[PDB]
Structure formats: structure tokens, C-alpha cells
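Coming up is one lone chain in C-alpha cells, specifically the form deposited in one PDB entry.
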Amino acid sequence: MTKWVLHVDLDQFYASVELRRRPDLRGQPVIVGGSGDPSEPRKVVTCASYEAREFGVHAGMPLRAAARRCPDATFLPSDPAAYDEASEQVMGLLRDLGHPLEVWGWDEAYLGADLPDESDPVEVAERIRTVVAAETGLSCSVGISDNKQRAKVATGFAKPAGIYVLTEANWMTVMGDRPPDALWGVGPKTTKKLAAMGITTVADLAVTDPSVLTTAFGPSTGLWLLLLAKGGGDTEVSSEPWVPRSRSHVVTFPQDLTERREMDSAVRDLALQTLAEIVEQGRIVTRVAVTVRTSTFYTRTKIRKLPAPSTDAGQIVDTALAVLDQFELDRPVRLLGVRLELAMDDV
């Protein structure tokens, strides 16, 4: 009768996992990131607890910046293995409900629920909250709509430890005067381009002439922005396993690199680590991309397609160093990265 999309998102996920092994820190500023040493430059916070966010600290903020704003915080090192496991357990529980479940991120998933005319999608959401709490001790919030984009927007209102329903009835009323980058899939660049067209809010964008948007953004993107402004989005929740298109590793060096020999051997290392992981996953490499960023934060990526797909390490390393070779080391290097694109056609 009525299809609902429920977006379930774990609250302050990494901090919550940390709070499981350190319950005395509940209600205190806890900042996860780096090796838990707040003075290291070139590292960021990966999760701030809600109490640390009152001091302005947020994921993405450098650790040194977070130490300046919240001197009393307990800084904890990032524990990805713990976070990976705590996510695996949460999602396994979420599928156990029997609904389509689509996992996005370590801390989120969408769940499809066709419900009729009783009952209430909120009670599904309440049971989801009660289940994950009693089995995992972790708190989630749940945004409810009929499509993924709108449900995800609804979750931002549901936080923390809550539930929120956002549909055609209350879309525009809720969303109308908000800036266009509150829409999932619109960010600061599209926002500035819209502001140069006289469009500063979701309501403005939802009534904008399609041709103005398709001329400026593309015949498909212009229409999509209109759809998203009117509250629409992807409605189907797929339970099929995700098959990654690429795998990559980048590294920002604690001190800018001046020696070619160090650059080659970092590229070689990144290539060989990434290749070893994708081979573990039974994948084959199609393209090799190498990223260079300079001390002035100037970032370019070059990519080369291999003659045929392969997992040959000598071929992949040489590919990576040839692609690196087309750059200039005119300036010192802040970061190098390798990304390996992967064959999709088979598993």
C-alpha cells in the first residue's frame, strides 16, 4: 500500500564505540582521531562526541585546531578494527529484520519497508532503535520518508537518538527557506552557481525553470536538482552486495617530500599495498591512477589504463612509477596517492 524508506544512522558513531569500552567518559568531550596525540600536524578529528561539538570541534577539523578549541577533551586514537566490527554487528542485525537493507558508510544504511495503512513507519523505527540499543548498546537515529535523499535529510532532524518523518506533506514547509546545499547531492559549488542565478533556497530552486537548470548544469543534472528540491530521490533499496569500482590509499607526509627517491618508493608502496588488498578480494585492476599534491595544496590526478586487466605487481608498480614520472617535482610534495580501478564485468 505504502512503500517507506528508513535511513538508520548510528549517532556519533566512533565516539559511541569508544564510549562502550570507556563508559565513564559518557557526557564528557571525547575526540577520536590520529594516534590520539592532539599536537600532531596533518591529522584530523574523525569523530567528536556531542559535548566536544559544543566547542566547535567536528570531523574534518585538524587535531591541533580541536585541541585549541577543547583543551579538556580526552583524545582517543582512531580504532578502525573496532569500528569495523561494531558496524558489521549493527548491519547484520538490521538485515535480520527481513527488509531490503542497503549499507552506506560504516554508520548508515537504508531499509525499505512497504507498510500498508496501519501501521506506522515510526514503530518500525522504534523497534530498530530498541533492537540495536539492547544488542549493541549503540544509539541510532532514523529518518523516514519514501525516498533515500529525503529520508537522509529527515535523519539530520531526527538526531540525536530520535526519529523524524519527512514527506510531501511537510517538505516544503520544513525545507523551503533552507539553502540549496541542504539537499543531498548539492554542495558549496553548486550553491554558489545557483546564487549567481538568483536561487538561494530550496523553494527558489524547486520553482526554477527546467531549461535555466539544464542549460547551466546539463540536461540530466539540471532535472535532478529540480527533483531533489521538490523532495524526490531514489526510491529503491537494494539488498545486493556493493561491488567496489576502485580501491585507493593516499598518505600526507608529516614533512613535505623533496627527494624523488622518496616519492618513487612511496608510490611503489602504495601501489603494492592496494594491489595486495584487491587481490585478497578476488579483483583485477583495469586502470592505475596516481595523485600528487604540492606544498601549496595543488592537487592533480593522472590515470593510465593497463593494456589489458591484470594483477601483475611488476606491471602495476611500473605503471604507477611511469604515471608519477609525467608529473613535475618542481615543488615539494605534501601527498601522494594510488588508486586502482577494478574490472566490474564478472563478480
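Rigid core: the largest C-alpha set superposing within 1.5 Å between the two forms. So that there is no doubt, residue numbering starts at 1 and follows the sequence shown.
A second form of this protein, the form deposited in another entry, is not displayed here; the remarks below concern that form.
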Handout entry: Displaced position between this form and the one not shown, chosen from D256, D181, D204, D79 (C-alpha, 2 Å or more, rigid core)
Key = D256
Practice task
Could you check whether the CA atom of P116 moves 2 Å or more between this form and the one not shown, using the rigid core for the fit?
Solution key: yes
Problem - Core-aligned C-alpha movement of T294 between this form and the one not shown reaching 2 Å - result: yes
Exercise for the section: Once the core is aligned, please say if the CA of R22 is shifted by at least 2 angstroms between this form and the one not shown. Expected result: no
